[PDB]
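Trainee: The structure is given below, and queries will be raised subsequently.
Cβ placement follows ideal geometry from the backbone for every residue including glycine, while neighbour counts extend to all protein chains displayed. A short reminder: the numbers here are calculations on the coordinates, not readings from a lab.
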Amino acid sequence: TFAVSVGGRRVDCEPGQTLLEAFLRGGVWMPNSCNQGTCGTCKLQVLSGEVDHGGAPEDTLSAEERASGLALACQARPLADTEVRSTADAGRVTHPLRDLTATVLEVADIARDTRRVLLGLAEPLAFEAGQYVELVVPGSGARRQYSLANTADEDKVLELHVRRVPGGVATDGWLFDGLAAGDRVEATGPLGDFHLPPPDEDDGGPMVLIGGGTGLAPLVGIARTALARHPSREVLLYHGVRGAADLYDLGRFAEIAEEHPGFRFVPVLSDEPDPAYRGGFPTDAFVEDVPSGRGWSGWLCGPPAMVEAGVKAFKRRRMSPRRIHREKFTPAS
Ligand SMILES: Cc1cc2nc3c(=O)[nH]c(=O)nc-3n(C[C@H](O)[C@H](O)[C@H](O)COP(=O)(O)OP(=O)(O)OC[C@H]3O[C@@H](n4cnc5c(N)ncnc54)[C@H](O)[C@@H]3O)c2cc1C
Ligand code: FES
Ligand SMILES: [Br-]
Ligand code: NA
C-alpha cells in the first residue's frame, strides 16, 4: 500500500484503490458527488507523488489539467506515496464509507416506472440525509448510485426510489426484472455531499427543494431533517414529473404538511395535464410562487440538464450561489 494524505490526515491506499475510496473508508472527508468521474467535485492538486488517472474523462479532467498536476480523487490511484490538496475543509471527519450486508426487505411498484426498494442492514449505517449508496448489479459488475430517502435515525432499512430506464442495465435489467425480497445486494455507502450543514450552521432560513422524477428521493430525507430541526420553517418541495401517473407518496407529504405549516408539496406536470395539479416545469413553478430568491436556499436533484438549468434560474432570481445545492443523476453509461 501507499501512504496518501490530505489536510494533514494520512490513510493507506491499496495500489488498486482510488484516493477517494481510501480517504472515505478512513473517515477522512473530501468532496465527492458521483464516484464515477462525471461531477468533477473531487478534483485535487497532486502536491507530491504520482497517480494513474484511471478512467478520468477528458471533459472532467483535461490534458492541460493533468499536465499541471490535477487529478480526480475518484479516478486516481497512487503509484507512490502521494500528498494532495483538496478544498480547505477536506480532511475533516466524515461517516466512514463501508461495505454493507444488505438484504431486500421489500420491492414495490409505487408509480409509473417507479419502484421503492427497502434494503435491510445487518448493522446501523451512519450517514447524513441526502447521501447515497452505490449498488453493484449482480452478474454484471455495473455500479449505480441510488439516493437515500432516509432520515439519519432510519439507520437499519435503506429506502431507495428507482426510476426505470428503458434498456438500462440496473433498472430495466434487474431492479424492475428479477430483484426480490430476500436477495442479498452488494452495496457500499454512504457517499455524497448533498446534505444539510451541521445543525449549528443552519439558520432556519427558507428552503426550496426541486426533484425531477426520482430526484425526489434525497429531498424527502433533507426536508424531513430540516423540519425536525426547525418545525416552523418554510420548506417548498416541488416534484417535477411528466404526468399524474408518475406521482407517489402523496399521503406521506400530506401528513408532513399537516404538521408543518411552512411546508408545501407541489407536483408539477410537464407532459400530461391534470386539473388537480400545476403544469409545466418545476423550477418555473417556484419562480412563479417566489419571484425573488434572495435569502433562500435551494436544493436541486435530478437529471443533470434539469439541475444545471435550475441552478441558473435560481441565480437569475438572485438566490445566492453560496446557498444553492445540487445532486445530478448523471448516467453511468
Ligand atoms: C449521485 C447519483 C445519485 C443517483 N440517485 C438515483 C436515485 O435515487 N433514483 C434513480 O432512479 N436513479 C438515481 N441515479 C441514476 C442511477 O444511478 C442510474 O444511472 C439509473 O438508474 C440508470 O441506470 P441503468 O443501469 O438502469 O441504465 P444504463 O444501462 O446506465 O443506461 C441505459 C441507456 O440509457 C441512458 N440513460 C441513462 N440514464 C438515463 C435517464 N434518466 N434517462 C434517459 N436515458 C438514460 C444511458 O446513457 C444509456 O444509454 C443517481 C445517479 C447518481 C450519479
Ligand atoms: S468526479 Fe469524482 S466524485 Fe464526481
Ligand atoms: Br451492514
Ligand atoms: Na476530493
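Trainee: Take the chain, connect every pair of alpha-carbon atoms lying under 10 Å apart with a spring to form a Gaussian network, then pick out the residue of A73, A245, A126 with the largest mean-square fluctuation.
Mentor: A245
Trainee: Return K43, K315 ranked ascending by Cβ neighbour count within 10 Å, so the fewest neighbours appear first.
Mentor: Numbers: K43 20, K315 14.
The most exposed by this proxy come first: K315, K43.
Trainee: What FRET efficiency comes out for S333 versus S232 if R0 is 41 angstrom and r is the Cβ-Cβ distance? Round to the nearest 0.05.
Mentor: Numbers: r = 44 Å, r/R0 = 1.08.
Rounded to the nearest 0.05, the efficiency is 0.40.
Trainee: If you take the square roots of the eigenvalues of the alpha-carbon gyration tensor of the range 147-298 and sort them as a ≥ b ≥ c, do you get rounded (a/c under 1.5), prolate (a/b over b/c) or oblate? Mind dumping the intermediate values first?
Mentor: Working: a/c = 2.02, a/b = 1.23, b/c = 1.64.
Since a/c reaches 1.5 but b/c is at least a/b, the shape of the range 147-298 is classed as oblate.
Trainee: With +1 on each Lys and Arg Cβ and -1 on each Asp and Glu Cβ, and nothing else charged, work out how big the dipole of the range 119-254 is about its Cα centre, in Debye to the nearest 20. List each step's numbers first, then the result.
Mentor: Numbers: 11 positive and 19 negative charges, 100 e Å.
The calculated dipole for the range 119-254 is roughly 480 debye.
Trainee: Another question, if that's okay. With N residues in the range 96-191, what two-decimal value do you get for its Cα radius of gyration over 2.2 N^0.38 Å?
Mentor: 0.99
Trainee: Then there's this: If the viscosity is 0.692 mPa s and the temperature 37 °C, what Stokes-Einstein diffusion coefficient in µm²/s follows for the range 1-95 when Rh is the Kirkwood radius over Cα pairs? Don't skip to the end; give the middle numbers.
Mentor: Working: Rh = 12.7 Å.
Approximately 258 µm²/s, per Stokes-Einstein.
Trainee: Let me ask something else about it. May I ask what percent, to the nearest 5, of DSSP beta bridges between residues of the chain are antiparallel?
Mentor: Here the share of antiparallel DSSP bridges comes out near 60 percent.
Trainee: Going by a 4.7 Å Cβ-Cβ cut-off, which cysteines of the chain have no partner at all?
Mentor: Within the chain, the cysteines lacking a partner Cβ under 4.7 Å are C13, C42, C74, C301.
Trainee: Further question: Note down the magnitude of the dipole of the range 176-280 about its Cα centre, charges +1 on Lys and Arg C-beta and -1 on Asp and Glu C-beta and zero elsewhere, to the nearest 20 debye.
Mentor: On the way: 8 positive and 17 negative charges, 31 e Å.
Dipole size: approximately 140 debye.
Trainee: Can you sort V157, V51, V311, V185 from fewest to most other Cβ atoms within 10 Å of each residue's own Cβ?
Mentor: Details: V157 15, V51 26, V311 18, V185 21.
Ranking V157, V51, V311, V185 by Cβ neighbours within 10 Å, fewest first, gives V157, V311, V185, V51.
Trainee: With a bin width of 10 angstrom, please list the P(r) values of the chain as percents of all Cα-Cα pairs, from the 0 bin to the one holding the largest distance.
Mentor: Histogram of Cα-Cα distances, whole percents per bin: 6, 25, 33, 25, 10, 1, 0.
Trainee: Next up: With equal scatterers on the alpha carbons only and no solvent term, can you work out the Debye log10 of I(q)/I(0) for the range 185-246 at 0.12, 0.16, 0.24 1/Å?
Mentor: For the requested q values the scattering log ratios are -0.38, -0.62, -1.05.
Trainee: Moving on to the next point. Does anyone have the angle between helix 304-316 and the longest principal axis of the chain? Alpha-carbon axes, 0 to 90°, nearest 10?
Mentor: It is inclined by approximately 70 degrees.
Trainee: Okay, moving on. Amide H of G54 versus every other amide H placed in the peptide plane: which residues, excluding those fewer than 5 positions away on the same chain, fall under 5 Å?
Mentor: Answer set, sorted by chain and number: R77.
Trainee: Treating the beta-carbon of each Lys and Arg as +1 and of each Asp and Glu as -1, no other charges, what is the dipole magnitude of the range 1-95 about its Cα centre, to the nearest 20 debye?
Mentor: Numbers: 8 positive and 12 negative charges, 71 e Å.
Dipole about the Cα centre, nearest 20: 340 debye.
Trainee: Fewest Cβ neighbours within 10 Å first, please rank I210, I110, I324 accordingly.
Mentor: Working: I210 29, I110 13, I324 20.
So the ranking, lowest neighbour count to highest, is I110, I324, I210.
Trainee: If you average the C-alpha positions of the range 1-72 and of the range 86-134 separately, how far apart do those two centres end up, in angstrom?
Mentor: 22
Trainee: Show log10 I(q)/I(0) for the range 233-295 at q = 0.14, 0.23 Å⁻¹, two decimals, from a solvent-free Debye sum over equal Cα scatterers.
Mentor: Relative scattering, expressed as log10 I(q)/I(0), comes to -0.42, -1.00.
Trainee: Tilt of helix 216-229 relative to the longest C-alpha principal axis of the chain, in degrees (0 to 90, nearest 10)?
Mentor: For 216-229 against the chain, the angle is about 80 degrees.
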